[PDB]
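Nothing in this text is a laboratory measurement; each read-out follows from the coordinates by a stated rule. Note that we place each Cβ from the backbone using ideal geometry, even for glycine, and neighbour counts take in every protein chain shown.
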Amino acid sequence: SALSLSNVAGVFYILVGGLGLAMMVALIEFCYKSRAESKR
Amino acid sequence: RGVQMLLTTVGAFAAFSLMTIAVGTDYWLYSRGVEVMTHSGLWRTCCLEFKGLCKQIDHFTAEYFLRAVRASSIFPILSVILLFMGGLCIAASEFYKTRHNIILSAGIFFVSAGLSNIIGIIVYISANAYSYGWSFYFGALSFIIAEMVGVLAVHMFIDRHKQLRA
Amino acid sequence: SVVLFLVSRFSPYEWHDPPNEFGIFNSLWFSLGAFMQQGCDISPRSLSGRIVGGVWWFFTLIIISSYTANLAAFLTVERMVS
Amino acid sequence: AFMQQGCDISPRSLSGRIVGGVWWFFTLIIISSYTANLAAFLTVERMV
């Protein structure tokens, strides 16, 4: 009766996907600003 | 700075070795199966009390996708690869003292390796759905050490850019 | 906590006095207050930090509701038994 | 914290953040237990 990890696995997948998305967004902004500062 | 680099290198080597040992060994789960008490890893199941000869785990649309991901063990292997890449970045940054983006790359690799470890753990437990052996906890400790080393590498990156600011 | 600290503090262009309050220790506090839904000190302001915060908020909401619902199920079922 | 309402000020030191955080865990396991037991009492009238 104790609900298992399979009952809430999808929310874990969503959480890790959101973490990866935030990392990607931050890194893309950093690369864009690096290129802009190289130009300027 | 040198002490931080030493901690980062030792932790990077420790997490990588722990994850490699966990992936290689077969003490992931103590359960009962072919009808004997056995211990299984990611690839082989062998009996405790034949005492030792192993079977390849019979790993076989959402259920099919989960079984394929579990069978390939893509996420623990990817964690091993990312830890290796982080170590390579640490070594290259030791070679190239002026390129600070290598430290950042190493930190990103370590954090990503930890995240891949989390995904692999969740996939393994769901596919299993007993007791957990020392390979499971080796992988968990590898995750913890990888996240600590990633935090420390990000700290080194921040400190170096702060030093350039002044 | 680690990803929140990373996306909040790594970029030197955000620093140009820290750009925000989300160090690793503060990231560990924001994240715990959120899980307990009893937290109100500082809130992430950047896009990626808000992504981390919102996804962690959704995780917390689902997990806490599941805990309460399963505890209610246990208690109701043990009242049912005879 | 117990009433699940507000902060005004938050602890900043390690020990305060340890005291605050174990109070937050108690406040969440006690208030979930209260709600779950009230639901159990209302659903099933185990009746003497």
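Key figures for this structure:
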read-out	value
Inter-chain Cβ neighbour average for residues C:66-78, partner chain, 10 Å	6
Candidate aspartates and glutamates - alpha carbon under 16 Å from A:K39, same-chain residues fewer than 8 apart omitted	A:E29
Under 19 Å from B:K55, Cα to Cα: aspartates and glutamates that are on another chain or at least 8 residues apart	B:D26, B:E35
Helix A:9-39 vs. chain A, principal-axis angle (Cα, 0 to 90°, nearest 10)	0
Sorted peptide list for B:147-157, A:2-12, criterion being average Cβ within 10 angstrom, highest first	B:147-157, A:2-12
Hz values of 3J(HN,Hα) by residue in region D:26-36 - Karplus curve (6.51, -1.76, 1.60), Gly and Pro given as x	4, 4, 8, 8, 6, 5, 5, 5, 4, 5, 5
Where only alpha carbons of chain D are counted, the Rg and the Dmax (Å)	15.9, 52
Calculated from backbone phi, Karplus (6.51, -1.76, 1.60) coupling profile of region D:40-47 in Hz, x at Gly/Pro	5, 5, 6, 6, 10, 8, 7, 10
Dipole magnitude of chain C about its Cα centre (Cβ charges: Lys, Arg +1; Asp, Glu -1), debye to nearest 20	200
Sequence-distant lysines (8 or more away, or on other chains) whose Cα lies within less than 28 Å of A:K33	B:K97, B:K162
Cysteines, chain B, no other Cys beta-carbon under 4.7 Å	B:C47, B:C89
Cα gyration tensor category, rounded, prolate or oblate, for the protein assembly as shown with a/c compared to 1.5	oblate
Cβ crowding within 10 Å averaged over residues, with B:138-146, C:45-53 ranked highest first	B:138-146, C:45-53
Whether region B:16-72 is rounded, prolate or oblate, judged on the alpha carbon gyration tensor where a/c under 1.5 counts as rounded	oblate
Given charges at beta-carbon only (K, R positive; D, E negative), |dipole| of the protein assembly as shown in Debye	820
